[PDB]
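Q: Questions regarding the structure given below will be posed in turn.
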Amino acid sequence: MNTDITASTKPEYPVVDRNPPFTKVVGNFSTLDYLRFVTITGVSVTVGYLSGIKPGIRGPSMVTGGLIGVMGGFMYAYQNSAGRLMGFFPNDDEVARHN
Amino acid sequence: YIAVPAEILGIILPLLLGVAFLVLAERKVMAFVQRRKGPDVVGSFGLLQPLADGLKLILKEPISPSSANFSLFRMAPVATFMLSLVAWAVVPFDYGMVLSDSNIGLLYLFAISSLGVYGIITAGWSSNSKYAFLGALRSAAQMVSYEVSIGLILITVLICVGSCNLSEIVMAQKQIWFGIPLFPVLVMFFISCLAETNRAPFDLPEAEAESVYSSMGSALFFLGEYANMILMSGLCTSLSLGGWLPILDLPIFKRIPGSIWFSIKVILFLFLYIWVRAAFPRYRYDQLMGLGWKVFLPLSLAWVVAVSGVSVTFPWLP
Amino acid sequence: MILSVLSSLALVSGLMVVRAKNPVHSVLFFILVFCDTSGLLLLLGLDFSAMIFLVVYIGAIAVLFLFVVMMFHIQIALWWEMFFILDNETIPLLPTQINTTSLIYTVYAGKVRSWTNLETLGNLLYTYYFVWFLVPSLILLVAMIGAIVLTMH
Amino acid sequence: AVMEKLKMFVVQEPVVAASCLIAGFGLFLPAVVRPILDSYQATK
Amino acid sequence: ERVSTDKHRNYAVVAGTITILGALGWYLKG
Amino acid sequence: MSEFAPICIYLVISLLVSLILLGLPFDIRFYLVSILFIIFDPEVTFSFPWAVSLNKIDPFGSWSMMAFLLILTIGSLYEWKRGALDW
Amino acid sequence: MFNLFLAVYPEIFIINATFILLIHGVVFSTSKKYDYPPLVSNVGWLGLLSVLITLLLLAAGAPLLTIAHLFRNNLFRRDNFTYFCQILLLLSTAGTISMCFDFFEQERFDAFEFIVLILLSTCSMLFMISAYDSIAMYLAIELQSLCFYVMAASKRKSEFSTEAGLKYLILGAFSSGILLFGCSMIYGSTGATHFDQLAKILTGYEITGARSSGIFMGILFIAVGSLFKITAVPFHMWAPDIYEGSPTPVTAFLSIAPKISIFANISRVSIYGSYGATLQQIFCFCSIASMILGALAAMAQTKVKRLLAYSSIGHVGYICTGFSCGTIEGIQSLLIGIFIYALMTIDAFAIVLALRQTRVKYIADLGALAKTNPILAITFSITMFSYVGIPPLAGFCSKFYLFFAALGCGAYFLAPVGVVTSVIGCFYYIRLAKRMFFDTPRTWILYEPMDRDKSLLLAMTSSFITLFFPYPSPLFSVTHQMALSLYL
Amino acid sequence: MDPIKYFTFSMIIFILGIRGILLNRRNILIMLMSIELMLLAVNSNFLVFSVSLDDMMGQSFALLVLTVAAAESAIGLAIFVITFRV
């Protein structure tokens, strides 16, 4: 079963870990990652709120916007952290730790 | 070369004898339920009642219809009859005591049910009046919904055992009857078989047709319905109750020919059909289709998921 | 022989599909086309796809077409190419296939077990090529929400 | 409040509740039990 | 008489000020 | 094969016996139900191969099939809340 | 999730957003607690948010979006080409949703399903761009085409809706049928359906053989099929008719989004599975046919939508002329033309949509837009002159680099017909524009004017068109990167 | 000779379907049934090829195109039944 991680491009940065497990990445987050997550969730909730003031469901639209926001933000943060764990992104503090 | 037509005749004729005595026993046992005896005059015990009814419907002065009087009206009853019987082709009565070991039997049975739907719809429309056409559409919709439910149930019983030909299934049950663990699945499959032939609580299409035509045509149609009934009973006991396998596996049961066990199970299920017929009022059409599309589809799907789950976590899956 | 029978039936029935009036006649001949095509596939040696052609092509689509054309019943508003492909001398002359008929080399080693086409197809389709199986989910979902948004007032 | 709403919904729609519970059981068994069993087989 | 009495709007305003603060922090981490 | 030959001989013999027995005396609701059936019937078609081969596929097979089921189940939920299967 | 699906994060997110929006819309559209809200606007804004998020994920993640090399190579391969094409597609979809927000409320048709399909076909096209197998290509095309089939016949109480939708459905299904038979014949004669295998089996050694007569039929049918979906000017049946019938957001999305996708797919196949002259010749003919037809039809039209249809046919033609040869400069100019055309057409549809209701169907209703709304008239003139040709604009620069590449590539014949259809288009249009201060028969002072988002999108693109020539270095550079990394 | 016969049957059915969709222009039912016939012929020659050259992807493609055909037929008949309400 082709369950191997190799990329057509190459990890131009150091290669601290090739295929990190889930919990490792999601606990490897950085302050910038949480900021990205919070920003996405916030903008989503606000646009949901207004687009809900239009038809009178300010609440439920806020909840749905929140769901989409958490989904997108966590996916973006996990993507950034995974990149920094592999080499496809700048690694300074990850290399510091793994040293 | 000539053995095959002999086998086919030996499959066809006893089925007709059995279905005549089926409608007879139906009247008898519903009567006994309702604190009365059934037909008990003609025969020694009413045994000569179906023969007498057949002879009457034969000598009865026929009346040919006035609606597409050939190749579309004198064909559709024959179509549904042929479909019911060709379904009866692949059913195991004992080890190797089959007609054809079609290695994908289940798909075969499902397809034949759908073709029976075709039979009923064309027989309905081939008439002239339009209320029969509306009734035909209603029956078609009901039949096809409960067919999709039957399909999911088949998928469950198939997940429990690798292959598809029915003999392999009855071996899998030879370990332990699938009716035991999947008892709610059996109940759902039985309700779907009831709705599939419109028998016990789901009759409003036929009830309305009776509330608002050839003698031999109607005879052929009722014959097809009851034959399909026996078929559904047979496959229910062939894939959810053991299929010619003694209970408790003690070498005194092993003197019974095995074929007797299958007949006992299918007669029990026939008796259950007739019993559940004479105890319950009928649904409407609205509630009927609502239950079809709301209560049995989700339950069957959830059951597929659950059995797959339980049988994929442990090394119990062949 | 029987191959030719099924092919001829399918041909003439498709002709009637396109030409014959009383559109219910057309739908009947269409069902008949699909039935004989399923029998043909069965002759080819693929049983699963035959039963599937019966179930979803005939028992599912054609019943929808029959339903709709029922409710609107009152809405009544090559031999050259065959020779060019049979005169190529790249097809074995049947006289050759006769003696070579007793020349095939059974292996007796790839058939110690035997995957019926259903089993191997399941293997392949679900383990690998799975996105090829997720997309049809989306196209079926599109079908159903399209029917809803179109006709359901 | 949410518990009251859920009890209301379950009394109203029993069969959908039972279907969802069966599906939840059948999806919870593999996802969280298979790793535990593989680890148990690895240790014994 | 010294408060806002609309729950949904107040949740939305919390979300908006959180959004702006998060964007400012993100920029600060450019 | 060589079993569909008994099948078809059964077919023709049943035709003969049926003819013998015959000769002796001598809207949107429907459409949407049909569409839902055409959609859930390939569901059974796809569940058939998935059923037989859940031993040469690890939980990957179960999960892919559950994802398919989830997409079509969200389809069914959208169907339900719209009330198209109300009758 | 599992570190492999890191290669499909945009598609996973856009599908999950589509599902959550579908459920939200249906429940809170049928919930009696609130009045009976039709959630077109709210679902639309949430959809635009989800599309922007997809854009962000894909763009900022490409270098790890290429992470599942072989396990995904079973179906698709993602390179720089697919990266930039998908970005342009998501931009176009965000643009068309934002442009079409005000049409929903104005025309007053309530079905949030309209904005759960736009996303779904968007994911389909994202699959279609990064598609590396004949059947994956076909499946993506079918998903997209089904979404469009649903989208066409929206308003039932109208008249043109159903007939236009039915025409489009029959046409598209026929096209896909032809394409299927083509892929079938290629499979039968070749024995493979993955673009690497097709390349390795029929590159260089296209020399005629015993059973080589089969491959050719397959690729010919594939050409016809994919052509029908580029409006295929010998096969352009009903294209102006469906453009006129279907509503304006639908026809805008149909003009902008699928065409870029199918062009990227045509390029990906024509690099790999072509012949020495088969595909180039089956396109060299359609190119001149298209330019000629665009000219000699758009010269005489009396409906502001069909004029747009025939101008779209003409620009697709110019692009196909760019397709003629197969050198790096040529394909570079090809992609540049595609991009400029995408911008110009979202611009033109912005205008014709902001001029919608009071002008249900007319072309004479240029009722002194020079006098009742001068800035809008100047913008329309700018967009059209760019669409046809004039001293420095975007469309003129694109056509000029197209013909530069054509001349320098060894085809002295496409230029004459290209320049003459260009000059007849220019005479016609510059006669129309200078016909905007002769006199005015009709007057349609309009309640329409461009709420906020159509105006912003317009202003942006219109400032781009004129201001393109002062600095067109980065576009050339990125197009060079893309075309160079398409195969080399 | 049998691959020749199978393929020529598929081709003639395809030709018949396209002639139906071209000649008959108004009857939408015949039109959609001809589209179904075209997809059926494509499916059949897919299968014949999958079995002639020993290779499997023909059958996966066959199953998926069956799904596509069912979807097109359903949605197109919806288009028709809304066209014929007026």
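Note on naming: chains are A, B, ... as they come in the structure tokens, residues start from 1 per chain, ligands start from 1 in the order shown.
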Apply DSSP to the structure's backbone, then extract all residues of range 51-269 of chain B labelled helix (DSSP H, G or I) and return them as a ChimeraX atom specification.
A: /B:51-59,76-88,105-125,131-159,166-175,183-196,204-209,215-239,253-255,259-269
Q: Contacts from chain B to chain D, 6 Å maximum, only C-alpha atoms: show me the residue list as a list in words.
A: residues 299, 302, 305, 306, 309 and 313 of chain B
Q: Dump N, CA and C atoms for the selected residues as an mmCIF file, in the first residue's frame?
A:
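Saved as part.cif:
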```
data_model
loop_
_atom_site.group_PDB
_atom_site.id
_atom_site.type_symbol
_atom_site.label_atom_id
_atom_site.label_comp_id
_atom_site.auth_asym_id
_atom_site.auth_seq_id
_atom_site.Cartn_x
_atom_site.Cartn_y
_atom_site.Cartn_z
ATOM 1 N N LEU B 299 -32.989 2.665 9.638
ATOM 2 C CA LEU B 299 -32.670 1.550 10.520
ATOM 3 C C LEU B 299 -31.808 0.520 9.806
ATOM 4 N N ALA B 302 -28.270 1.938 9.344
ATOM 5 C CA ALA B 302 -27.559 1.903 10.609
ATOM 6 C C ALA B 302 -27.149 0.487 10.957
ATOM 7 N N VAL B 305 -24.061 -0.469 8.978
ATOM 8 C CA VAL B 305 -22.887 0.155 9.579
ATOM 9 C C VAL B 305 -22.482 -0.577 10.851
ATOM 10 N N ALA B 306 -23.452 -0.896 11.707
ATOM 11 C CA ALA B 306 -23.130 -1.480 13.003
ATOM 12 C C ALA B 306 -22.536 -2.870 12.860
ATOM 13 N N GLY B 309 -19.034 -2.649 11.508
ATOM 14 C CA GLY B 309 -18.164 -2.218 12.574
ATOM 15 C C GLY B 309 -17.798 -3.344 13.510
ATOM 16 N N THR B 313 -13.580 -5.041 13.753
ATOM 17 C CA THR B 313 -12.611 -4.750 14.803
ATOM 18 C C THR B 313 -11.950 -6.014 15.325
#
```
Q: Select all residues from chain A having any atom no more than 7 Å from an atom of chain G (counting only C-alpha atoms, ignoring ligands), output as a ChimeraX atom specification.
A: /A:2-3,5-9,19,22,48,51-52,55,65,68,72,76,83,88
Q: Emit the selected residues as a short mmCIF file (atom, residue, chain, number, x, y, z; two decimals), in the first residue's frame, including N, CA and C atoms.
A:
```cif
data_model
loop_
_atom_site.label_atom_id
_atom_site.label_comp_id
_atom_site.auth_asym_id
_atom_site.auth_seq_id
_atom_site.Cartn_x
_atom_site.Cartn_y
_atom_site.Cartn_z
N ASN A 2 0.71 2.07 -1.04
CA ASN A 2 1.51 3.28 -1.20
C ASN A 2 1.11 4.28 -0.11
N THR A 3 1.71 4.12 1.05
CA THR A 3 1.50 5.02 2.17
C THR A 3 2.80 5.73 2.54
N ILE A 5 5.42 9.16 2.15
CA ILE A 5 5.43 10.60 1.95
C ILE A 5 6.75 10.96 1.27
N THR A 6 6.69 11.15 -0.04
CA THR A 6 7.74 11.83 -0.78
C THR A 6 7.06 12.86 -1.65
N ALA A 7 7.74 13.98 -1.87
CA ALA A 7 7.14 15.08 -2.59
C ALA A 7 7.89 15.33 -3.89
N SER A 8 7.14 15.76 -4.91
CA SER A 8 7.77 16.11 -6.18
C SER A 8 8.80 17.21 -5.98
N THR A 9 8.48 18.19 -5.15
CA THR A 9 9.44 19.22 -4.77
C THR A 9 10.27 18.69 -3.61
N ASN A 19 7.54 12.29 8.65
CA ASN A 19 6.10 12.01 8.73
C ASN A 19 5.68 12.07 10.19
N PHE A 22 -0.06 12.80 14.28
CA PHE A 22 -1.00 13.90 14.43
C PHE A 22 -0.74 14.67 15.72
N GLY A 48 -20.64 35.86 9.39
CA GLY A 48 -21.86 35.14 9.68
C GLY A 48 -22.86 36.02 10.40
N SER A 51 -24.36 38.74 7.79
CA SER A 51 -25.19 38.02 6.84
C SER A 51 -26.39 37.38 7.51
N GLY A 52 -26.37 37.26 8.83
CA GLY A 52 -27.54 36.82 9.55
C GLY A 52 -28.45 37.94 9.98
N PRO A 55 -31.52 38.30 7.26
CA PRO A 55 -32.80 37.58 7.32
C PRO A 55 -33.34 37.29 8.72
N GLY A 65 -21.11 30.22 10.84
CA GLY A 65 -19.85 30.89 10.56
C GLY A 65 -18.76 30.44 11.50
N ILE A 68 -17.50 26.93 10.28
CA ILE A 68 -16.60 27.05 9.13
C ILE A 68 -15.29 27.70 9.55
N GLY A 72 -11.66 25.92 9.05
CA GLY A 72 -10.61 26.51 8.23
C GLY A 72 -9.39 26.89 9.03
N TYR A 76 -5.66 25.42 8.56
CA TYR A 76 -4.54 26.28 8.19
C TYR A 76 -3.41 26.17 9.20
N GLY A 83 4.08 21.80 7.74
CA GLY A 83 5.14 22.29 6.88
C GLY A 83 6.41 22.56 7.66
N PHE A 88 9.31 22.11 4.28
CA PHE A 88 8.73 22.96 3.25
C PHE A 88 8.46 24.36 3.74
#
```
Q: Using only C-alpha atoms, what table do you get, as a tab-separated table, when you list each residue of chain F with an atom no more than 10 Å from chain H, its nearest pair of atoms, and their distance in Å rounded to one decimal, rows by chain then rising number?
A:
```
residue	atom	partner	partner_atom	distance
F:28	CA	H:81	CA	9.2
F:31	CA	H:78	CA	8.5
F:32	CA	H:78	CA	9.3
F:34	CA	H:74	CA	9.0
F:35	CA	H:74	CA	6.5
F:36	CA	H:74	CA	9.7
F:38	CA	H:70	CA	7.2
F:39	CA	H:71	CA	8.1
F:42	CA	H:67	CA	7.3
F:45	CA	H:63	CA	9.4
F:46	CA	H:63	CA	9.0
```
Q: At most 9 Å is the cut-off: for each residue in chain F with any atom that close to an atom of chain C, write down the nearest atom pair and the distance in Å rounded to one decimal, counting only C-alpha atoms, chain first then increasing number, as a tab-separated table.
A:
```
residue	atom	partner	partner_atom	distance
F:1	CA	C:45	CA	7.4
F:4	CA	C:42	CA	8.7
F:27	CA	C:71	CA	7.7
F:28	CA	C:152	CA	7.2
F:30	CA	C:67	CA	7.8
F:31	CA	C:64	CA	7.3
F:32	CA	C:147	CA	7.4
F:34	CA	C:64	CA	5.8
F:35	CA	C:144	CA	7.0
F:36	CA	C:144	CA	7.0
F:37	CA	C:60	CA	7.1
F:38	CA	C:60	CA	5.4
F:39	CA	C:140	CA	6.3
F:41	CA	C:56	CA	6.7
F:42	CA	C:56	CA	6.8
F:45	CA	C:52	CA	7.1
F:46	CA	C:122	CA	8.6
F:48	CA	C:118	CA	8.1
F:49	CA	C:122	CA	4.4
F:50	CA	C:122	CA	5.5
F:51	CA	C:122	CA	8.2
F:52	CA	C:119	CA	6.3
F:53	CA	C:119	CA	6.0
F:54	CA	C:123	CA	8.5
F:56	CA	C:123	CA	6.9
F:57	CA	C:127	CA	6.3
F:58	CA	C:127	CA	8.5
F:60	CA	C:127	CA	6.9
F:61	CA	C:126	CA	5.7
F:62	CA	C:126	CA	8.8
F:64	CA	C:126	CA	7.1
F:65	CA	C:126	CA	7.6
F:67	CA	C:134	CA	7.8
F:68	CA	C:137	CA	6.0
F:69	CA	C:137	CA	8.3
F:71	CA	C:137	CA	6.5
F:72	CA	C:141	CA	6.3
F:74	CA	C:141	CA	8.5
F:75	CA	C:141	CA	5.7
F:76	CA	C:144	CA	8.8
F:78	CA	C:145	CA	7.8
F:79	CA	C:145	CA	7.5
F:82	CA	C:148	CA	8.2
F:84	CA	C:152	CA	7.1
```
Q: Extract, using only C-alpha atoms, all DNA, RNA and protein residues at most 7 Å from residue 177 in chain B, discarding same-chain residues fewer than 2 positions from it, and format them as a list in words.
A: residues 173, 174, 175, 179, 180, 240, 241 and 242 of chain B
Q: Find the spatial neighbours of range 9-19 of chain E, counting only C-alpha atoms, within a cut-off of 10 Å - ignore same-chain residues fewer than 5 positions away - and output them as a ChimeraX atom specification.
A: /A:35-36,38-50,53,58-59,62,66 /E:4,24-25
Q: Could you turn the residues from that selection into a file that holds N, CA and C atoms, as a tab-separated table (two decimals), in the first residue's frame?
A:
```tsv
chain	number	residue	atom	x	y	z
A	35	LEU	N	-2.63	32.53	16.50
A	35	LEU	CA	-3.12	33.81	15.99
A	35	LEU	C	-3.85	33.62	14.67
A	36	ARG	N	-3.28	32.83	13.76
A	36	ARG	CA	-3.95	32.56	12.49
A	36	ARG	C	-5.31	31.92	12.73
A	38	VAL	N	-7.25	32.02	15.41
A	38	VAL	CA	-8.19	32.95	16.02
A	38	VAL	C	-8.68	33.96	15.01
A	39	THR	N	-7.78	34.46	14.16
A	39	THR	CA	-8.19	35.46	13.18
A	39	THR	C	-9.20	34.89	12.20
A	40	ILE	N	-8.96	33.67	11.71
A	40	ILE	CA	-9.90	33.06	10.78
A	40	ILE	C	-11.25	32.86	11.45
A	41	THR	N	-11.25	32.29	12.66
A	41	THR	CA	-12.51	32.08	13.35
A	41	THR	C	-13.25	33.40	13.55
A	42	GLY	N	-12.53	34.45	13.92
A	42	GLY	CA	-13.18	35.71	14.19
A	42	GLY	C	-13.82	36.32	12.96
A	43	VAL	N	-13.08	36.37	11.85
A	43	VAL	CA	-13.65	36.96	10.65
A	43	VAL	C	-14.85	36.15	10.19
A	44	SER	N	-14.77	34.82	10.33
A	44	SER	CA	-15.89	33.98	9.93
A	44	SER	C	-17.12	34.27	10.78
A	45	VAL	N	-16.93	34.37	12.10
A	45	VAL	CA	-18.07	34.61	12.97
A	45	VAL	C	-18.70	35.96	12.67
A	46	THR	N	-17.88	36.97	12.41
A	46	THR	CA	-18.44	38.30	12.15
A	46	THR	C	-19.23	38.33	10.85
A	47	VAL	N	-18.68	37.75	9.78
A	47	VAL	CA	-19.41	37.78	8.52
A	47	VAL	C	-20.69	36.97	8.64
A	48	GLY	N	-20.64	35.86	9.39
A	48	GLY	CA	-21.86	35.14	9.68
A	48	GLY	C	-22.86	36.02	10.40
A	49	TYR	N	-22.40	36.80	11.37
A	49	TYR	CA	-23.30	37.63	12.15
A	49	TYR	C	-24.04	38.61	11.26
A	50	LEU	N	-23.31	39.33	10.41
A	50	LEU	CA	-23.96	40.34	9.58
A	50	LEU	C	-24.89	39.70	8.55
A	53	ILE	N	-27.90	39.14	10.22
A	53	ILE	CA	-28.80	40.24	10.55
A	53	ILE	C	-29.72	40.50	9.38
A	58	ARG	N	-29.49	36.11	13.27
A	58	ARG	CA	-28.18	36.52	13.77
A	58	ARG	C	-27.48	35.43	14.58
A	59	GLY	N	-28.24	34.64	15.33
A	59	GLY	CA	-27.66	33.57	16.11
A	59	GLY	C	-27.15	32.42	15.27
A	62	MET	N	-24.35	32.99	13.06
A	62	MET	CA	-23.11	33.09	13.81
A	62	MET	C	-22.56	31.72	14.13
A	66	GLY	N	-19.10	30.20	12.76
A	66	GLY	CA	-18.11	29.71	13.69
A	66	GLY	C	-17.62	28.33	13.33
E	4	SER	N	-25.55	47.02	27.66
E	4	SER	CA	-26.19	46.65	26.41
E	4	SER	C	-26.92	45.33	26.60
E	24	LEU	N	-3.78	42.31	14.47
E	24	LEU	CA	-2.66	43.14	14.90
E	24	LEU	C	-1.50	42.29	15.39
E	25	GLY	N	-1.79	41.26	16.18
E	25	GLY	CA	-0.72	40.39	16.64
E	25	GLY	C	-0.04	39.66	15.50
```
Q: So that I can see what lies close to residue 15 in chain H, please list as a VMD selection string the residues with an atom at most 12 Å from it, counting only C-alpha atoms and leaving out residues fewer than 2 positions away in the same chain.
A: (chain C and resid 11 14 to 15 18 78) or (chain G and resid 177 to 178 181) or (chain H and resid 8 to 13 17 to 23 34 to 35 37 to 42)
Q: Give me, as a ChimeraX atom specification, the contact residues of chain H against chain G at a cut-off of 9 Å, counting only C-alpha atoms.
A: /H:14,18,21,28,31-32,35,38-39,41-43,45-46,48-50,52-53,55,57-58,61,64-65,68,71-72,75-76,79-80,82-83,86
Q: Dump C-alpha atoms for the selected residues as a short mmCIF file (atom, residue, chain, number, x, y, z; two decimals), in the first residue's frame?
A:
```cif
data_model
loop_
_atom_site.label_atom_id
_atom_site.label_comp_id
_atom_site.auth_asym_id
_atom_site.auth_seq_id
_atom_site.Cartn_x
_atom_site.Cartn_y
_atom_site.Cartn_z
CA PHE H 14 -23.69 4.20 -30.82
CA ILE H 18 -26.54 9.57 -32.39
CA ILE H 21 -30.54 12.41 -31.14
CA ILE H 28 -37.38 15.04 -25.61
CA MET H 31 -33.69 12.35 -27.21
CA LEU H 32 -32.87 11.28 -23.66
CA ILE H 35 -28.37 9.56 -24.94
CA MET H 38 -25.02 6.09 -26.47
CA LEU H 39 -23.78 5.65 -22.91
CA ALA H 41 -22.79 1.34 -26.12
CA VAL H 42 -19.81 3.06 -24.52
CA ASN H 43 -20.24 0.87 -21.45
CA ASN H 45 -17.32 -1.69 -25.49
CA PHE H 46 -15.53 -0.68 -22.29
CA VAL H 48 -15.38 -5.95 -24.10
CA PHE H 49 -12.02 -4.21 -24.02
CA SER H 50 -11.54 -4.92 -20.32
CA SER H 52 -10.07 -8.81 -24.38
CA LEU H 53 -6.83 -7.26 -23.20
CA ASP H 55 -6.89 -5.54 -17.63
CA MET H 57 -9.68 -0.60 -15.11
CA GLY H 58 -12.21 -1.10 -17.88
CA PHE H 61 -14.69 2.81 -15.54
CA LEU H 64 -18.52 4.80 -12.67
CA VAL H 65 -19.96 5.68 -16.08
CA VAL H 68 -22.87 9.10 -14.50
CA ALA H 71 -27.41 10.87 -12.83
CA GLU H 72 -27.80 12.44 -16.28
CA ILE H 75 -31.73 15.16 -13.90
CA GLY H 76 -32.65 15.44 -17.57
CA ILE H 79 -35.77 19.14 -16.76
CA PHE H 80 -38.36 17.65 -19.09
CA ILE H 82 -40.73 20.80 -15.47
CA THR H 83 -40.79 21.84 -19.13
CA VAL H 86 -46.97 25.07 -18.35
#
```
Q: Which residues, written as a ChimeraX atom specification, have at least one atom at most 10 Å from residue 110 in chain B, with only C-alpha atoms counted and residues fewer than 6 positions away on the same chain left out?
A: /B:87,147-148,150-151,154 /C:51,54-55,59
Q: Would you write out those residues with N, CA and C atoms, as a PDB file, in the first residue's frame?
A:
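What landed in part.pdb:
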```pdb
ATOM      1  N   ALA B  87     -37.445 -16.760 -10.421  1.00  0.00           N
ATOM      2  CA  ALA B  87     -36.849 -16.540  -9.112  1.00  0.00           C
ATOM      3  C   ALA B  87     -36.755 -17.846  -8.350  1.00  0.00           C
ATOM      4  N   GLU B 147     -38.216  -2.577  -1.637  1.00  0.00           N
ATOM      5  CA  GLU B 147     -37.092  -3.288  -2.239  1.00  0.00           C
ATOM      6  C   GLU B 147     -35.762  -2.664  -1.858  1.00  0.00           C
ATOM      7  N   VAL B 148     -35.675  -1.333  -1.804  1.00  0.00           N
ATOM      8  CA  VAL B 148     -34.367  -0.797  -1.423  1.00  0.00           C
ATOM      9  C   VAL B 148     -34.057  -1.169   0.024  1.00  0.00           C
ATOM     10  N   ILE B 150     -35.025  -3.999   1.522  1.00  0.00           N
ATOM     11  CA  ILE B 150     -34.595  -5.392   1.423  1.00  0.00           C
ATOM     12  C   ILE B 150     -33.155  -5.469   0.942  1.00  0.00           C
ATOM     13  N   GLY B 151     -32.779  -4.586   0.023  1.00  0.00           N
ATOM     14  CA  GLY B 151     -31.417  -4.595  -0.476  1.00  0.00           C
ATOM     15  C   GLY B 151     -30.407  -4.341   0.622  1.00  0.00           C
ATOM     16  N   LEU B 154     -30.079  -7.399   2.796  1.00  0.00           N
ATOM     17  CA  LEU B 154     -29.254  -8.387   2.116  1.00  0.00           C
ATOM     18  C   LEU B 154     -27.786  -8.048   2.260  1.00  0.00           C
TER      19      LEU B 154
ATOM     20  N   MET C  51     -25.980  -8.793 -13.901  1.00  0.00           N
ATOM     21  CA  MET C  51     -27.001  -8.548 -12.895  1.00  0.00           C
ATOM     22  C   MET C  51     -27.127  -7.068 -12.581  1.00  0.00           C
ATOM     23  N   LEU C  54     -29.186  -5.478 -15.110  1.00  0.00           N
ATOM     24  CA  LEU C  54     -30.579  -5.775 -14.797  1.00  0.00           C
ATOM     25  C   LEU C  54     -31.113  -4.849 -13.715  1.00  0.00           C
ATOM     26  N   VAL C  55     -30.347  -4.648 -12.647  1.00  0.00           N
ATOM     27  CA  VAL C  55     -30.886  -3.981 -11.467  1.00  0.00           C
ATOM     28  C   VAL C  55     -31.019  -2.481 -11.689  1.00  0.00           C
ATOM     29  N   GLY C  59     -34.185  -2.174 -13.904  1.00  0.00           N
ATOM     30  CA  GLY C  59     -35.102  -2.065 -12.787  1.00  0.00           C
ATOM     31  C   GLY C  59     -35.195  -0.689 -12.164  1.00  0.00           C
TER      32      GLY C  59
END
```
Q: Can you pull out every residue within 10 Å of residue 12 in chain F, counting only C-alpha atoms, but drop anything in the same chain fewer than 4 positions away, and send it as a list in words?
A: residues 5, 8, 82 and 86 of chain B; 7, 8, 16, 17 and 18 of chain F
Q: Please find the residues of chain G near chain F - the criterion being any atom within 9 Å, counting only C-alpha atoms - and write them as a ChimeraX atom specification.
A: /G:19,22-23,26-27,29-30
Q: With N, CA, C and O atoms retained, write the just-selected residues as an mmCIF file, in the first residue's frame.
A:
```cif
data_model
loop_
_atom_site.group_PDB
_atom_site.id
_atom_site.type_symbol
_atom_site.label_atom_id
_atom_site.label_comp_id
_atom_site.auth_asym_id
_atom_site.auth_seq_id
_atom_site.Cartn_x
_atom_site.Cartn_y
_atom_site.Cartn_z
ATOM 1 N N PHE G 19 -20.982 21.107 2.242
ATOM 2 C CA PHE G 19 -21.950 20.310 2.989
ATOM 3 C C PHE G 19 -22.556 21.104 4.136
ATOM 4 O O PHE G 19 -23.778 21.083 4.342
ATOM 5 N N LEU G 22 -24.994 23.521 2.811
ATOM 6 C CA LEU G 22 -26.217 22.867 2.364
ATOM 7 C C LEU G 22 -27.142 22.583 3.539
ATOM 8 O O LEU G 22 -28.336 22.911 3.502
ATOM 9 N N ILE G 23 -26.600 21.986 4.602
ATOM 10 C CA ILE G 23 -27.428 21.630 5.753
ATOM 11 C C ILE G 23 -27.996 22.882 6.410
ATOM 12 O O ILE G 23 -29.193 22.955 6.722
ATOM 13 N N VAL G 26 -30.804 24.365 4.291
ATOM 14 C CA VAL G 26 -32.069 23.643 4.215
ATOM 15 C C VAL G 26 -32.821 23.729 5.535
ATOM 16 O O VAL G 26 -34.033 23.980 5.549
ATOM 17 N N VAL G 27 -32.130 23.573 6.666
ATOM 18 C CA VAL G 27 -32.856 23.570 7.934
ATOM 19 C C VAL G 27 -33.404 24.961 8.241
ATOM 20 O O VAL G 27 -34.598 25.127 8.539
ATOM 21 N N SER G 29 -33.977 27.286 6.205
ATOM 22 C CA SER G 29 -34.955 27.702 5.217
ATOM 23 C C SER G 29 -36.292 27.039 5.445
ATOM 24 O O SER G 29 -37.331 27.641 5.160
ATOM 25 N N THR G 30 -36.297 25.808 5.944
ATOM 26 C CA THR G 30 -37.516 25.213 6.462
ATOM 27 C C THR G 30 -37.308 25.053 7.963
ATOM 28 O O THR G 30 -37.001 23.973 8.467
#
```
